[PDB]
Amino acid sequence: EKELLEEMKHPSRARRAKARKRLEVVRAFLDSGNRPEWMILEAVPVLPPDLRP
Amino acid sequence: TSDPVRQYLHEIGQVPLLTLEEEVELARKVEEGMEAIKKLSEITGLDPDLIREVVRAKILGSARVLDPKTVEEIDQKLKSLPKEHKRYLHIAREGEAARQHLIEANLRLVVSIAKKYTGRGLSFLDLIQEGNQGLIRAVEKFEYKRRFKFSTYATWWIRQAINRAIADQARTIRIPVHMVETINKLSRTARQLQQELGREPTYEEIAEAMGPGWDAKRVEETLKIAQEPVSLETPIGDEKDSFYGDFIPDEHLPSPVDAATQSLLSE
Amino acid sequence: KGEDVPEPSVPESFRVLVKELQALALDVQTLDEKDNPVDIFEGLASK
Amino acid sequence: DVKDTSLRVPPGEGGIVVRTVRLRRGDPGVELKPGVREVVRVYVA
Amino acid sequence: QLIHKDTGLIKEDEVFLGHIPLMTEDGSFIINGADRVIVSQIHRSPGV
DNA sequence: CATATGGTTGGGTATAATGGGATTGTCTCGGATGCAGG
DNA sequence: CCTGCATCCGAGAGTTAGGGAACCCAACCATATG
Ligand SMILES: [Mg+2]
């Protein structure tokens, strides 16, 4: 997040936009408390049988 | 990028084939490595499976993930034996490497065999993977001393693995292997009696043609148990709006009338 | 019985939706005014 | 030890029963599904 | 007929292949006891 | 609780075999993006 | 280095009704019956 905040001082507009877009995801993860590694599945949940009868 | 069949075919094609000399050498090294590993097990007194596993893990390297503590301790103990014994360990390493190289080089026979089993409830890649398992079995059990080519012994195991996988996994409701064979025999007999009779035979004909111990009721039960389930999402009508499961009522939960009757009865 | 109908509860389709969202590895929770969990399954799915 | 599973006239239908057909297992040319002993059809006008 | 390219022996056999539905006089079919009609299809002609 | 039967499951076959099978008549719109110029 | 400019890919496209392919051999737990 600190690297991206410093990246937001560049005169370029496209680079600044890219830094902002990356920061959206970084800050969402930081505020929500979700860990990024949870986006990779290790245990697959299994739906109850009565909903897949 | 996509189409994993192309990727797998390219990856197998990146390994060159083998000549008679290379094949015989690899078989000799695997056999002497197995003999050497059993000799090490006898010398050290440990279980042969465990020393096989530690030798294989040390060969495969850190890249491939019993924990590292036991493998290191037993390896170092194994690297402590006096001379005329550690030579066996070296032969075991070379034999394990030979086994890997042999499987890697003969993977293409698995694809060649498995390409003729499509359309039977298993995808192409699944058939190849089960053929690979059968190839591993054949490699492990192969005996070169008989001077026969490896593919002759490998084909039988590959076919056995593919057939067993088809019998085990092709059906939503699993039917045992002997019962699956019974169903296949029933189908073959009925097909031959259909061709011969110029019409679909009745159940008595099939029962007579199977042999003693078969009556029409048993044939009917066998065909009933051979029925596969249909999808609840089968589209009904041309428009994409009606599914089969939309026409099936729930018979488990009590209806409002039934619940009211029970409550009034309790009252 | 001649009385008026009582107040309704959570429909079963919302429970089905919650279960199908859990199968996609998404944690859906219903909360009260103080952000505490509210169990809409009556306790039948809690170990 | 048995219950009613009879065929009844649905709401809004009815009339005069004009024809009855019964097909049983083993009858020449009859091909029932496995497990189904017999089928009965009623034509009402 | 089964013809061996080498020997030259011939094995002639008549084999039953199944059933083909028959069109009635009015132009329909009886499939599973129900009357059915095959609808003609309009499509792009092959060519250049 | 004690077996005895069928049903179930694991193991085996030795001439030689060595890279698969389909693809097709919509239309617009908005964002992501690699390529060209200055 | 910036910018614009085709280029690619993905997501949309009204409601209600009615409709429907080997075979064999031997050991081993499970269940049935007394
Ligand atoms: Mg509809």
Side-chain angles (χ1 to χ4, degrees), chain A residues 10-18 21, chain B residues 2-20 23 27 102-125 127-128 131-132 134-135 137-138 140-164 166-168 170 174-192 213 225 230-248, chain E residues 32 34 41-46:
Chain A
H10 281 208
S12 207
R13 151 159 48 63
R15 203 144 63 150
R16 262 179 291 120
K18 253 182 64 103
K21 285 206 254 304
Chain B
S2 178
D3 190 335
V5 191
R6 207 168 308 290
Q7 191 74 32
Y8 181 75
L9 286 176
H10 202 216
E11 300 173 7
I12 68 182
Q14 295 295 100
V15 179
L17 267 86
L18 295 191
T19 59
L20 211 84
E23 164 183 350
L102 211 175
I103 278 159
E104 172 137 71
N106 252 294
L107 281 197
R108 248 173 289 201
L109 174 73
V110 159
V111 164
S112 68
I113 282 194
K115 89 180 172 189
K116 254 166 262 153
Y117 277 66
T118 50
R120 301 179 188 180
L122 256 55
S123 94
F124 209 103
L125 275 311
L127 301 169
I128 285 49
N132 295 330
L135 173 57
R137 176 68 47 81
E140 188 280 354
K141 209 155 91 83
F142 183 63
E143 293 238 58
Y144 70 95
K145 237 57 163 184
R146 309 192 176 184
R147 262 162 154 297
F148 271 142
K149 297 203 66 177
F150 172 75
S151 59
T152 308
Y153 195 50
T155 283
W156 293 81
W157 280 119
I158 295 166
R159 287 216 201 108
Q160 198 276 5
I162 293 174
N163 270 284
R164 185 69 37 119
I166 285 178
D168 273 325
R174 192 182 67 81
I175 281 174
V177 157
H178 69 281
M179 186 57 61
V180 160
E181 178 248 293
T182 297
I183 285 159
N184 283 53
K185 178 186 173 189
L186 202 70
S187 178
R188 182 189 31 277
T189 307
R191 161 174 89 242
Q192 246 172 266
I225 262 61
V230 311
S231 183
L232 278 179
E233 284 85 30
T234 295
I236 290 171
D238 60 68
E239 293 167 323
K240 307 164 55 43
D241 66 306
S242 188
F243 281 158
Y244 186 89
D246 287 323
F247 301 79
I248 304 192
Chain E
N32 297 359
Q41 195 191 41
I42 178 150
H43 79 126
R44 291 188 57 180
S45 172

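Within every chain, numbering begins at 1; the chains are lettered A, B, ... in the order of the sequence lines, protein sequences first and strands thereafter.
Put simply, B:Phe148 does not rest on the base of F:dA14: the two rings are not both less than 5.5 Å apart at their centres and under 30° in tilt.
Phosphate contact (OP1/OP2 of F:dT18, side-chain N/O of B:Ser112, threshold under 4.0 Å): absent. Phosphate proximity of F:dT13 to B:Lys141: present, with a side-chain N or O under 4.0 Å from OP1 or OP2. Between B:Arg188 and the phosphate of G:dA22, there is no side-chain N or O to OP1/OP2 separation shorter than 4.0 Å. Of the side-chain N and O atoms in B:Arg120, one or more sit less than 4.0 angstrom from OP1 or OP2 of G:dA22. Taking side-chain N and O atoms only, B:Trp157 has a distance below 4.0 Å to OP1 or OP2 of F:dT13. Side-chain nitrogen and oxygen atoms of B:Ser151 include at least one within less than 4.0 Å of the OP1 or OP2 phosphate oxygen of F:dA17.
Across all strands shown, B:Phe142 has heavy atoms under 4.0 Å from base atoms, whether or not it also approaches the sugar-phosphate. Contact annotation for B:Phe124: backbone-only contact, meaning every heavy-atom pair under 4.0 Å involves sugar-phosphate atoms and none involves a base. Nucleic acid contact for A:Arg15: none, since no nucleic acid atom lies under 4.0 Å from a heavy atom of the residue. Within 4.0 Å (heavy atoms only), E:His43 reaches no atom of the nucleic acid at all. Contacts of B:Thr234 with the nucleic acid, taken as non-hydrogen atoms under 4.0 Å apart, are absent. Residue B:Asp241 is classed as a base contact, given a heavy-atom separation below 4.0 Å to a base. If you check every strand for non-hydrogen atoms under 4.0 Å, B:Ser187 touches sugar and phosphate atoms only. Note on B:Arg164: a base of the nucleic acid sits closer than 4.0 angstrom, heavy atoms only. Within 4.0 Å of B:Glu143, counting heavy atoms only, lies at least one base atom of the nucleic acid. At the heavy-atom level, B:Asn106 lies under 4.0 Å from base atoms of the strands shown.
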**OP:** In sequence, state the C-alpha distance, the side-chain angles, and the governing distance for B:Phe243 and B:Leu232, and then conclude on side-chain contact (heavy atoms from CB on, under 4.5 Å).
**Re:** CA-CA 7 Å; B:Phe243 281 158; B:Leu232 278 179; over 6 Å; no
**OP:** Verify side chain to side chain donor-acceptor pair (under 3.5 Å) between A:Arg15 and A:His10, making sure each step is shown before the conclusion.
**Re:** CA-CA 7 Å; A:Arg15 203 144 63 150; A:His10 281 208; 2.9 Å; yes
**OP:** Step by step, work out the side-chain contact (heavy atoms from CB on, under 4.5 Å) result for B:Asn106 and B:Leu109.
**Re:** CA-CA 6 Å; B:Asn106 252 294; B:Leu109 174 73; 4.3 Å; yes
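Each of E:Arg44 and B:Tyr144 has a nearest nucleotide on DNA chain F; the 5'-most of these lies closest to B:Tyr144.
To the nearest angstrom, P of G:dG20 lies 19 Å from CD of B:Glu233. Rounded to a whole Å, the CZ atom of A:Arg13 is 17 Å from the P atom of G:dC1. Straight-line distance from the CZ atom of B:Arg146 to the P atom of F:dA14: 9 Å, rounded to whole Å. In this structure, CZ of B:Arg147 is placed 19 Å from P of F:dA14, rounded to the nearest angstrom. In this structure, the CG atom of B:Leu17 is 8 Å from the P atom of F:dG19, given to the nearest Å. Summarising the geometry, the separation between CD on B:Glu239 and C1' on G:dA13 is reported as 15 Å, rounded to the nearest angstrom.
For the P atoms, the distance from G:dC29 to F:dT9 is 11 Å, rounded to whole Å. Comparing the same atom, P, in F:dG20 and in G:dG20 gives a spacing of 43 Å after rounding to whole Å.
Stacking between F:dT18 and F:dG19 does not hold, since their six-membered rings do not have both centres below 5.5 angstrom apart and planes below 30 degrees.
Judged by the 6.0 Å distance and 45° axis criteria, B:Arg146 is not positioned over the aromatic ring of B:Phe148.
B:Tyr153 and B:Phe142 have tilted rings, their planes meeting at an angle from 30° to 60° on a 0 to 90° scale.
A glycosidic torsion no more than 90° from 0 defines the syn conformation, and G:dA21 adopts it.
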